[PDB]
Amino acid sequence: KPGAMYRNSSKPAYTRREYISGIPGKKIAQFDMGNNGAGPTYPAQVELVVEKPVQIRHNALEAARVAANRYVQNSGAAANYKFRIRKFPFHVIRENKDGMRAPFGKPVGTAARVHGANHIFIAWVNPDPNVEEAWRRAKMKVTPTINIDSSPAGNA
Amino acid sequence: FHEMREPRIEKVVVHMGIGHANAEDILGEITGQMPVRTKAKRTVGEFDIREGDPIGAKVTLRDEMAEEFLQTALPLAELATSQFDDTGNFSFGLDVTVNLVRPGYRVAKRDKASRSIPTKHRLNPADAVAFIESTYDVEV
Amino acid sequence: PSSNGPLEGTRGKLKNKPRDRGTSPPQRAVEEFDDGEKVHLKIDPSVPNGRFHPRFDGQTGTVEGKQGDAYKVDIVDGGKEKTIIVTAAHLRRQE
Amino acid sequence: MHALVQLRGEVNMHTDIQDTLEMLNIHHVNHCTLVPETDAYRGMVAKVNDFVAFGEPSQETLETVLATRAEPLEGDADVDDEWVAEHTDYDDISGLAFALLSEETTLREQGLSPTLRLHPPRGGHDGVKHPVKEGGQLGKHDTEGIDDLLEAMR
Amino acid sequence: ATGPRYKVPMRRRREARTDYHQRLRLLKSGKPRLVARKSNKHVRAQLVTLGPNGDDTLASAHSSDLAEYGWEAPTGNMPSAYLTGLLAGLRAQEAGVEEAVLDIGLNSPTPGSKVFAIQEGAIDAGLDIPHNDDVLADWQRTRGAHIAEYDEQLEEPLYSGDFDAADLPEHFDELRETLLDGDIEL
RNA sequence: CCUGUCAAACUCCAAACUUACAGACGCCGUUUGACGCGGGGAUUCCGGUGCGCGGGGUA
RNA sequence: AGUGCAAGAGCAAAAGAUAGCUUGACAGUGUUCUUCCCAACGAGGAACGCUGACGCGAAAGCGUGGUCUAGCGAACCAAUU
RNA sequence: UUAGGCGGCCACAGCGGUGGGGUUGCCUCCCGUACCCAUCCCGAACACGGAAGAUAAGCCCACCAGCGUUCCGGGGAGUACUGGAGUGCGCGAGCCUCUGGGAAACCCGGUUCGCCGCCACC
Ligand SMILES: [Cl-]
Ligand SMILES: [Cl-]
Ligand SMILES: [Mg+2]
Ligand SMILES: [Mg+2]
Ligand SMILES: [Mg+2]
Ligand SMILES: [Mg+2]
Ligand SMILES: [Mg+2]
Ligand SMILES: [Mg+2]
Ligand SMILES: [Mg+2]
Ligand SMILES: [Mg+2]
Ligand SMILES: [Mg+2]
Ligand code: NA
Ligand code: NA
Ligand code: NA
Ligand code: NA
Ligand code: NA
Ligand code: NA
């Protein structure tokens, strides 16, 4: 199904698992990538900043993250960097799959609510921004336009 | 300062935790006063489902009745240390527990203006061993 | 509403903030008012008796006699004049 | 003391806003009233803020407007110096004007209609879709800003 | 104590001094309370009324200011209690107070107790108090007979020096007799 | 200890705002009688739209 | 924690527990609120009184069933006091 | 208030900790069971009778902020959100300007280790 169906934050927050059952498991494999053994002790820190409040299906999270990290193998399977996706798909999403009679849909997925200007991804690298490229491909698979922002890095 | 800081025995509870009694009789002679029933709480597999139900008895001895009892109880026990409370108590044995504390305990047992005793004024395991050991026997 | 009992939608107004929890002070349960006084109606979540219908919480009426120990306060629901049987425990002096 | 001029009509304006204007004696577009600067009045003009033009006028301007558009509580009678003198506590328009500005009396107190029914602004006003800070004619004005409007509608 | 959500008891409950549930029932009568309180050595009796900023005591009597009238015996006994009751009862009357309900605080409603003795005294002073006669001591014990007979099993004075050796329930009469006419502060 | 996130059926917090009563100003009413009381006659109980706040629904 | 049962709410020298005692789950008649916000409408419900008779308590006092909000039913006819 | 009794507000009063105080007004602990009364067993408690001892508890007095709480400064923030208005912007979601209001977290620094009433009293 299209993102067009769930990308807007027009519905009430629906997250109480105590009142919702049959919620599909998330497709997001990991949240911490790279050298998670080490702490943010890096020179450079870039972030992927969403520019519009939107809902991002765990679908898009997983494809965006894979496409970024799977690429961050321009540095190697055990390369020196740490990658973080800070958001989690909390918002449960339904579908009305009778016509408009008893239309309260059935849980079909989950999505994460990100507001314009939050960073969804944060990587830590030594002066070796291949990450900047890992994000051109990342915001390629999520609805919003995005801003690739560098923080600690006056090494231009 | 002292005199009002030196330990003393306040009650010695002798109880037989049976599982359903005829045992009261011996407690009565071993101590010198009537025993009390011991009802139980909760329904359990040891065919002990009955809530209110005699399942043992106890006897709380105070003053001489307590000494005159320990003047034979203690001798029948060896143990000491580790087997002592953090409040200066200890149980050995049929059970026989000895509650020990200092002079102003009533402040916490009365009705009016009652108050919890200050940790400082409490009895430590050590300060307890001393008192008792200093009365016909040895520690550890 | 899904039901129409007196306590429908009263979760907030009839609940105490964690700290005001527990038996209330007796001073205000014994307060005495005179006919004519203006009193604010507010149920004390801690006090079971002498209550009035939760819909009047917030009203400010006038004491006009009493019934037993409870008071008879006159109020105006919308445009309708109503008389409310309520104890001191749930009343406060205006001003 | 501020001069209030309704610049937007009744159609579609909130009823509680319309009532307010009505409590301020203005029942038509271009009608103007003088209101003292008090907490109670202040709250009122604020609620009316989007459909009116207000500000503290200059002695002169108030005089020009009083002379040109003041009326007795009843009747055609022109309110000129003589009228002012033979009917009010003051001796001439200027005297009345000053007292109004210093909020010492009111158009009613002196047997005058609380409303100055002004004329359409000669040369037109700045628009009723934006406020002053935006080049519009709505909201609070400068003493010089109110004077222009008031004078244009003299 | 633990957190923002923690519930701290009312001060007088913490100090384990006021029973508020009983207090509310007491105040229901709308009458003055006859506060009967004890100490290891003395006995107090106050007539309290409700006030804007707290209770108001309109009349009181302490077993100590009992001597002030000729008491030469201990003050933590039954005869003492009754008298303090009667004394406070009288000062009460003077204050214009006519009726009260008995507040015995955190004490126990035991028969023949000193609080009830205090109550008997206040009643005799003329105060109108909701009571029950057979929950009171049998006059003799009030007089102090139980103590005189206890000293009969003498061998050693019940009183360390104090007054008398065989004690005096008569000294009790002499005093009650005194309080029932004239004298200052009554 | 450090570190990554949430709630229509969570809340240590907490607006704007709505609301009871009272005073003040305003406006109104005492020949245009307000507020209110009693009685006669109805129509009406297919609604729609914009804007704000919504709940459902891919729409 | 417990408080019969949804959910939300109340409750700690208690509204919970234990013990003992008791039948107020009593008869009569109302006030008020609710049912039905405002704003008319029955049965039902609740709160708060009074009259009478009772229970318990030293007493103030508490008991108009169960802490509160669900567990209900017109006229005609029958049976019952 | 050189120690007391009844309270109001119910943590600004809680939690924890330090120091000081009693031939006596006193309160306590404390001593003790013939009586009233009492423990489903114990004068522990309750109740009663009483001073040989003590200031170690409690309590009263002076003080400490580490935790919790209250209020305040400065910062966060006139930020978030919002009542009124707009032929302002945006494909749209949504945003912006004018006007009237205006927070929470958190950080740093102060405050808070109760206040007040009635009675009694070297
Ligand atoms: Cl009501
Ligand atoms: Cl006492
Ligand atoms: Mg709500
Ligand atoms: Mg005219
Ligand atoms: Mg032209
Ligand atoms: Mg124009
Ligand atoms: Mg609302
Ligand atoms: Mg009930
Ligand atoms: Mg039929
Ligand atoms: Mg039948
Ligand atoms: Mg000391
Ligand atoms: Na169907
Ligand atoms: Na994109
Ligand atoms: Na409360
Ligand atoms: Na009815
Ligand atoms: Na038994
Ligand atoms: Na001490």
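Preceding this paragraph is the structure being described.
Described in the following lines is the structure provided in the data block.

Rules behind the numbers
Residues numbered from 1 in each chain as written, not as in the entry; some residues may be left out. Chains lettered and ligands numbered in written order. Part of a larger assembly, values for the part shown. Heavy atoms only, no water. Helix = DSSP H or I, 4+ residues; strand = E, 2+ residues; numbered from the N terminus. Buried < 20%, exposed > 50% of the residue type's maximum accessible area, 1.4 Å probe, protein only. Contact = heavy atoms within 4.5 Å. Near = heavy atom within 4 Å. Polar contact = N/O pair within 3.5 Å; in protein donor to acceptor, adjacent residues only side chain to side chain. Nonpolar A, V, L, I, M, F, W, Y, C, P; charged D, E, K, R; others polar. Arc of directions from axis to C-beta. Buried area = accessible area lost by both parts, 1.4 Å probe. Core = buried A, V, L, I, M, F, W, Y, C linked by side-chain atoms within 4.5 Å. Pairing = 2+ DSSP bridges. Axes fitted to C-alpha atoms, helices over the stretch in contact; angles between N-to-C directions.

A look at the environment of B:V101
Residue and element names in this part refer to chain B.
- Mapped onto the secondary structure, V101 falls in strand β5 (residues 95–101).
- Since its relative accessible area comes to 10%, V101 is described here as buried.
- In this structure the C-alpha to C-alpha distance between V101 and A128, which are 27 residues apart in sequence, comes to 8.5 Å.
- Among residues more than four places away in sequence, those in contact with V101 are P7, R8, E10 and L123.

Brief notes about the protein's contact with RNA strand F
- In the region of RNA strand F, 35 residues are neighbours, and A:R16, A:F90, A:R94, C:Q94 and D:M23 sit closest.
- Of all atoms in RNA strand F that approach within 4 Å of the protein, 80% are sugar or phosphate atoms.
- Contact between RNA strand F and C:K38: a sugar or linking oxygen at 3.2 Å from a side-chain N or O atom of the residue.
- The separation between a phosphate oxygen of RNA strand F and a polar side-chain atom of D:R108 is 3.2 Å.
- For the surface near RNA strand F, the class distribution of residues is 14 nonpolar, nine polar and 12 charged.

Some points on unusual backbone geometry
Residues and elements named next belong to chain B.
- In this structure, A113 is a non-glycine residue whose phi angle is positive, near 45 degrees.
- Within the secondary structure, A113 is located in the loop between α3 (106–109) and α4 (125–133).
- With a relative accessible area of 14%, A113 lands in the buried category.
- The phi dihedral of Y136 falls on the positive side, at around 80 degrees, and the residue is not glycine.
- Structurally, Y136 can be placed in the segment after α4.
- The exposure class assigned to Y136 is exposed, which follows from its relative accessible area of 79%.

Digging into helix α2 (residues 20–28) of chain E
- Listed as buried for α2(E) are E:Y20, E:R23, E:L26 and E:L27. Down the axis of α2(E), the buried side of the element spans an arc of 110 degrees, and every buried residue falls inside it. Exposed residues on α2(E) whose side chains face more than 90 degrees from its buried face are E:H21, E:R25 and E:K28.
- Packed against the buried residues of α2(E) are α1 (27–30) of chain C together with α1 (11–14), β1 (33–38) and β4 (101–103) of chain E.
- Sitting at the head of α2(E), E:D19 places a side-chain oxygen 3.1 Å from the backbone nitrogen of E:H21.
- A positive phi of about 75 degrees marks E:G30, the residue just after α2(E).

Description of helix α3 (residues 59–69) of chain D
All names here are of chain D.
- Along α3, the residues that are buried comprise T61, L62, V65 and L66. The arc that holds every buried residue of α3, seen down its axis, measures 135 degrees, which confines them to one face.
- For α3, the elements touching its buried residues are β2 (31–35), α5 (93–101), β4 (116–117) and α6 (143–152).

Considering the interface of chain E and chain C
- Opposite the 12 residues of chain E that make contact, chain C presents nine residues.
- Buried area between chain E and chain C, both sides added, is near 1000 Å², and the carbon and sulfur share of it is 65%.
- Remark: the boundary between chain E and chain C carries two residue pairs in polar contact.
- Split by residue class, the side of chain E that touches chain C holds eight nonpolar, two polar and two charged.

Brief notes about the interface of chain B and chain E
- Counting residues at the interface gives five residues for chain B, matched by seven residues for chain E.
- Roughly 430 Å² is buried in total at the junction of chain B and chain E, and carbon and sulfur atoms are behind 43% of that figure.
- On inspection of chain B and its partner chain E, the count reaches two residue pairs in polar contact.
- When its residues are assigned to classes, the side of chain B that touches chain E shows one nonpolar, one polar and three charged.

Focus on the side chain of E:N107
- Structurally, E:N107 can be placed in the loop between β4 and α4 (114–125).
- With sequence-adjacent residues up to four places away left out, E:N107 is seen in contact with B:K112, E:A36, E:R37, E:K38 and E:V115.

Considering the nonpolar core
All names here are of chain E.
- Of all hydrophobic cores here, the largest spans 43 residues; its most connected members are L34, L47, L83, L87, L127 and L179.
- For this core, the leading source of residues is helix α3 (residues 78–94), giving nine residues.
- If sequence neighbours within four positions are ignored, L83 has contacts with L66, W71, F172, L175, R176 and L179.

Digging into the arrangement of the chains
- Among the two pairs of chains that make contact, the interface with the largest number of contacts is formed by chains C and E.
- A gap remains between chain A and chain D, with no contact made and the closest C-alpha atoms lying 29 Å from each other.
- What separates chain A from chain E at the closest point of their C-alpha atoms is a distance of 24 Å, and the two make no contact.

What about the environment of B:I30?
- With respect to the element layout, B:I30 can be found in helix α1 (residues 24–31).
- Between the C-alpha atoms of B:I30 and B:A40, which are 10 residues apart in sequence, the distance is 24 Å.

Section: the sheet that holds strand β4 (residues 82–85) of chain A
Residue and element names in this part refer to chain A.
- Taken in spatial order, the five strands make up an open sheet running β1-β4-β7-β2-β8, and their pairing is antiparallel. Each end of this open sheet is capped by a strand with a single partner; those strands are β1 (32–34) and β8 (146–150). Averaged over neighbouring strand pairs, the angle between their axes works out to 15 degrees when direction is ignored.
- In terms of strand pairing, strand β2 (residues 44–50) meets β8 through five bridges, oriented antiparallel. Within β8, the position partnered with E47 by the bridge is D149.
- Lying over the sheet, helix α1 (residues 58–69) contacts β1, β4 and β7 (119–125), oriented at roughly 165 degrees with respect to β4.

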